[PDB]
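Next up: a single chain in structure tokens, the form deposited in one PDB entry.
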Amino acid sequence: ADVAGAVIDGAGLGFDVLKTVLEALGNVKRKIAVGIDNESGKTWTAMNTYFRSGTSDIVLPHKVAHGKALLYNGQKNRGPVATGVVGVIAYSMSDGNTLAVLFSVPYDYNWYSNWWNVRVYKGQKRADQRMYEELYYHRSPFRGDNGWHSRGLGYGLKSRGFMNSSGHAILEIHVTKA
């Protein structure tokens, strides 16, 4: 499938798959399509998504092996309420560690910006408010600046990712052998 909760070939992850993933969400003021290429050489297994704000109806794809990409999405809570969609995704890796990805898509764009983060934690750590705090404040994430950002993760891995500035967000990340 080309759709949300699917695992695909890494080579197949591009803006076009994500664009459609995002439009399938219908018309909502805040939404994000995420995709993550696994080139780490480690096999990833899903733990969870902590939503600080927002929800998703997607089952976080369970098994992403080397060379496969996962597709995900989230939207803001239904109703007039003004909140974005802000979260952290946590996969366990075959090396005994945790890949954690942060995404923040805000409501009030006067005050806030789009942000994303990629970090490797030691051991198996499920995502919680605690981890969101670290990824968003203390770890100096990347602004969705409409630009590509690469940073080393440790553990022989590095991350390459892109995020737009809009409230309909596309986040494309590539984890690769360093």
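Residues that one form lacks are left out of the comparison. For every residue, the number given is its place in the sequence shown, counted from 1. Rigid core: the largest C-alpha set superposing within 1.5 Å between the two forms.
The following text describes the form deposited with a small molecule bound, which does not appear among the structures shown.
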| property | result |
| --- | --- |
| 86, 90, 71, 93 - the one with a heavy atom within 4.5 Å of the small molecule in the entry with it bound | 86 |
| 4.5 Å heavy atom contact, residue 61 and the small molecule in the entry with it bound | no |
| Any non-hydrogen atom of residue 137 within 4.5 angstroms of the small molecule in the entry with it bound | yes |
| The small molecule contact at residue 52 in the entry with it bound, heavy atom, 4.5 Å | yes |
| Contact flag, residue 128 vs the small molecule in the entry with it bound, heavy atom cut 4.5 Å | no |
| Runs in sequence order between the shown form and the other one, three or more residues long, with CA shifts of 2 Å or more on the rigid core | 79-82 |
